[PDB]
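Below is one structure, written out as structure tokens; the observations come after it.
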Amino acid sequence: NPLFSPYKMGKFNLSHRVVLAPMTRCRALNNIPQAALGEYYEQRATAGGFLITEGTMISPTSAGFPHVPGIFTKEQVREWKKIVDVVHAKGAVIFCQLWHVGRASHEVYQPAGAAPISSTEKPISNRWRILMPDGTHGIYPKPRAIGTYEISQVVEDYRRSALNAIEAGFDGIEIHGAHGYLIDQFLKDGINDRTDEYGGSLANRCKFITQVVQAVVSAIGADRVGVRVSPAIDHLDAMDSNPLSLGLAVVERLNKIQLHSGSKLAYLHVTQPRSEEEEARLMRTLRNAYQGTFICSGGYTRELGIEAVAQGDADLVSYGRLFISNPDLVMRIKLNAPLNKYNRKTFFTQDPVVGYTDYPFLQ
Ligand SMILES: Cc1cc2nc3c(=O)[nH]c(=O)nc-3n(C[C@H](O)[C@H](O)[C@H](O)COP(=O)(O)O)c2cc1C
Ligand SMILES: COCCOC(=O)/C(=N\O)C(C)=O
């Protein structure tokens, strides 16, 4: 089973290739990591296994879900340290995903009820609805298009949050540049209509992600930085006219950051949408173009994960939904044991136990 061959992710020695994908679960009440998160990640941690946290706020304006953790205050850093310690006690490696939602927010999630920020004033269309704190669904509002000074402040928010993650003991961070959130709102020409130096050309649309990655690399070192993108996922009205070219442009800029820094990033992490042959070709083209470690995600199974590693399509495979309901997913994949079903109704509820830590281990 090639999923259980070791892998050197830079300075981290992984014992197997099964990764916990980042998943928002909304149990971090008031944006403060809670003890329940420690139990949840501890259940899924394995010796030499790699975990990526739920998306984590970089600033008071970065959220678009209820009760998601932040890492921009010292109180948040203190509580994260307790969780990181219990994960490290099991021998796992853990990265904190840094997440700004941009226009994918609502007045209820913003300080003083202000408008969310974005590359443009275009809202997500009414085809999509936002989960509200009371469990109903609301309307995405028109965002405020930020100028270049404010862009530089957001870059600094990523940098400070990366330093805070290291202070909490995280092994590294992942930049969430996928799924139609803030970075993707600059990348995708279906959203970014700017006429300044951050819009127009493919090069200009890639400027923001380049500056973010450069800032965190300078702060904590390239080998502690992963980058997640999704050029071919259209979530929240985030489409590009040429997804493969957009993806290769991002890959080119990551390759150049590495040469400039004299070090490789921890990895490139790409979601696929789920013809199948074309979509796999898109993924393999990005993998082949990138000088480093490649993590694939999106609809993977035991069989598909084994085939991805064996055929050289990916170095690591991340699993989301099956890790929700199978705390021992790594062991079950190793043994080819039957998997437990997941309950979508409790993906984003606030209960510290129900649908969170009460999925059973293998019987
Ligand atoms: C409940 C839930 C929350 C998610 N939250 C995030 C997130 O915070 N950050 C992120 O990059 N992806 C997020 N995603 C996507 C997952 O990381 C992953 O790509 C996806 O679940 C992989 O597909 P799979 O569930 O078929 O394994 C989330 C997915 C789910 C189901
Ligand atoms: C198209 O698949 C959905 C992609 O968006 C996500 O997975 C996500 N965060 O990135 C959440 C919080 O749901």
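So you can find residues: chains in the structure tokens are A, B, ... in the order shown, residues in each start at 1, and ligands are numbered from 1 in order.
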When the cut-off is 6 Å and you count only C-alpha atoms and all ligand atoms, which residues lie near ligand 1, shown as a PyMOL selection string?
chain A and resi 21-25+54-55+176+271+297-300+319-321+347
Keeping only N, CA, C and O atoms, take the residues you just selected and write them out as an mmCIF file, in the first residue's frame.
data_model
loop_
_atom_site.group_PDB
_atom_site.id
_atom_site.type_symbol
_atom_site.label_atom_id
_atom_site.label_comp_id
_atom_site.auth_asym_id
_atom_site.auth_seq_id
_atom_site.Cartn_x
_atom_site.Cartn_y
_atom_site.Cartn_z
ATOM 1 N N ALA A 21 -7.729 16.846 5.764
ATOM 2 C CA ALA A 21 -7.991 18.079 5.027
ATOM 3 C C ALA A 21 -8.553 19.151 5.967
ATOM 4 O O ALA A 21 -9.210 18.832 6.957
ATOM 5 N N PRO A 22 -8.296 20.431 5.682
ATOM 6 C CA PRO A 22 -8.859 21.503 6.512
ATOM 7 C C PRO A 22 -10.376 21.513 6.425
ATOM 8 O O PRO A 22 -10.940 21.520 5.332
ATOM 9 N N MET A 23 -11.046 21.539 7.582
ATOM 10 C CA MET A 23 -12.504 21.569 7.567
ATOM 11 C C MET A 23 -13.046 22.489 8.645
ATOM 12 O O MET A 23 -12.857 22.229 9.829
ATOM 13 N N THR A 24 -13.780 23.509 8.221
ATOM 14 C CA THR A 24 -14.563 24.343 9.123
ATOM 15 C C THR A 24 -15.646 23.517 9.807
ATOM 16 O O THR A 24 -16.436 22.849 9.137
ATOM 17 N N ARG A 25 -15.687 23.566 11.147
ATOM 18 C CA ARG A 25 -16.701 22.834 11.910
ATOM 19 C C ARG A 25 -17.483 23.712 12.883
ATOM 20 O O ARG A 25 -18.497 23.251 13.425
ATOM 21 N N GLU A 54 -8.940 23.419 10.433
ATOM 22 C CA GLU A 54 -9.991 24.292 9.911
ATOM 23 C C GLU A 54 -9.437 25.674 9.573
ATOM 24 O O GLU A 54 -8.481 26.150 10.194
ATOM 25 N N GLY A 55 -10.059 26.342 8.592
ATOM 26 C CA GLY A 55 -9.676 27.713 8.284
ATOM 27 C C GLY A 55 -9.731 28.584 9.525
ATOM 28 O O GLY A 55 -10.686 28.475 10.307
ATOM 29 N N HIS A 176 -4.962 29.664 2.583
ATOM 30 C CA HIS A 176 -6.212 29.275 1.914
ATOM 31 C C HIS A 176 -6.426 30.213 0.731
ATOM 32 O O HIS A 176 -6.928 31.332 0.888
ATOM 33 N N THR A 271 -7.488 21.383 -4.833
ATOM 34 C CA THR A 271 -8.788 20.733 -4.844
ATOM 35 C C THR A 271 -9.219 20.447 -6.273
ATOM 36 O O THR A 271 -9.034 21.270 -7.176
ATOM 37 N N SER A 297 -6.821 16.707 -3.301
ATOM 38 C CA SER A 297 -7.982 16.653 -2.423
ATOM 39 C C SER A 297 -9.253 16.739 -3.250
ATOM 40 O O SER A 297 -9.258 17.320 -4.342
ATOM 41 N N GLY A 298 -10.335 16.192 -2.699
ATOM 42 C CA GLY A 298 -11.643 16.331 -3.310
ATOM 43 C C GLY A 298 -12.187 15.020 -3.836
ATOM 44 O O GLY A 298 -11.836 14.586 -4.939
ATOM 45 N N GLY A 299 -13.050 14.388 -3.042
ATOM 46 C CA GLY A 299 -13.697 13.158 -3.445
ATOM 47 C C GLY A 299 -12.814 11.935 -3.459
ATOM 48 O O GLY A 299 -13.137 10.957 -4.145
ATOM 49 N N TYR A 300 -11.717 11.935 -2.710
ATOM 50 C CA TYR A 300 -10.846 10.769 -2.739
ATOM 51 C C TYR A 300 -11.396 9.664 -1.850
ATOM 52 O O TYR A 300 -12.136 9.903 -0.896
ATOM 53 N N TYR A 319 -8.153 13.956 2.933
ATOM 54 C CA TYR A 319 -9.517 13.468 3.069
ATOM 55 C C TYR A 319 -10.266 14.398 4.002
ATOM 56 O O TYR A 319 -9.766 14.717 5.085
ATOM 57 N N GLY A 320 -11.484 14.791 3.600
ATOM 58 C CA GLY A 320 -12.329 15.618 4.431
ATOM 59 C C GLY A 320 -13.471 14.853 5.065
ATOM 60 O O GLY A 320 -13.381 14.429 6.216
ATOM 61 N N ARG A 321 -14.557 14.657 4.313
ATOM 62 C CA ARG A 321 -15.787 14.139 4.908
ATOM 63 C C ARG A 321 -15.583 12.789 5.598
ATOM 64 O O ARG A 321 -16.129 12.562 6.684
ATOM 65 N N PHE A 347 -22.332 19.078 10.445
ATOM 66 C CA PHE A 347 -21.039 19.599 9.997
ATOM 67 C C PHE A 347 -20.707 20.935 10.664
ATOM 68 O O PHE A 347 -19.555 21.165 11.061
#
At a cut-off of 9 Å, using only C-alpha atoms, what residues contact residue 302 of chain A? Leave out same-chain residues fewer than 3 positions from it and give the result as a ChimeraX atom specification.
/A:3,305-307,333,336
With only C-alpha atoms as the counted atoms, please give the residues lying no more than 9 Å from residue 326 of chain A, apart from itself and same-chain residues fewer than 2 positions off, as a PDB file with C-alpha atoms, in the first residue's frame.
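The resulting around.pdb:
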ATOM      1  CA  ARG A  44      -7.552  11.946  14.342  1.00  0.00           C
ATOM      2  CA  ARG A 321     -15.787  14.139   4.908  1.00  0.00           C
ATOM      3  CA  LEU A 322     -14.608  10.584   5.654  1.00  0.00           C
ATOM      4  CA  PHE A 323     -12.323  11.995   8.361  1.00  0.00           C
ATOM      5  CA  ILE A 324     -15.357  13.670   9.965  1.00  0.00           C
ATOM      6  CA  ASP A 328      -9.294   6.467  12.914  1.00  0.00           C
ATOM      7  CA  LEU A 329      -9.500   6.912   9.118  1.00  0.00           C
ATOM      8  CA  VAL A 330      -5.762   6.268   8.748  1.00  0.00           C
ATOM      9  CA  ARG A 332      -9.161   1.964   8.593  1.00  0.00           C
ATOM     10  CA  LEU A 339     -15.953   3.196   6.979  1.00  0.00           C
ATOM     11  CA  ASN A 340     -18.677   4.957   8.977  1.00  0.00           C
ATOM     12  CA  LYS A 341     -21.207   7.315   7.417  1.00  0.00           C
ATOM     13  CA  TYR A 342     -21.121  11.072   8.127  1.00  0.00           C
ATOM     14  CA  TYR A 359     -18.183   9.195  15.925  1.00  0.00           C
ATOM     15  CA  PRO A 360     -16.849   5.797  17.055  1.00  0.00           C
ATOM     16  CA  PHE A 361     -13.490   4.196  16.486  1.00  0.00           C
ATOM     17  CA  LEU A 362     -13.347   0.868  14.670  1.00  0.00           C
TER      18      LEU A 362
END
Excluding segment 7-14 of chain A and residues on its chain fewer than 3 positions from it, collect all residues at most 9 Å away from it, counting only C-alpha atoms, and give them as an NGL selection string.
:A and (4 or 17 or 47-50 or 92-93 or 171 or 223-224 or 264-267 or 293 or 315-316)
Å distance separating atom CA of residue 236 of chain A from atom CA of residue 128 of chain A, one decimal place:
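Atom-to-atom, atom CA of residue 236 of chain A to atom CA of residue 128 of chain A, that is 6.5 Å.
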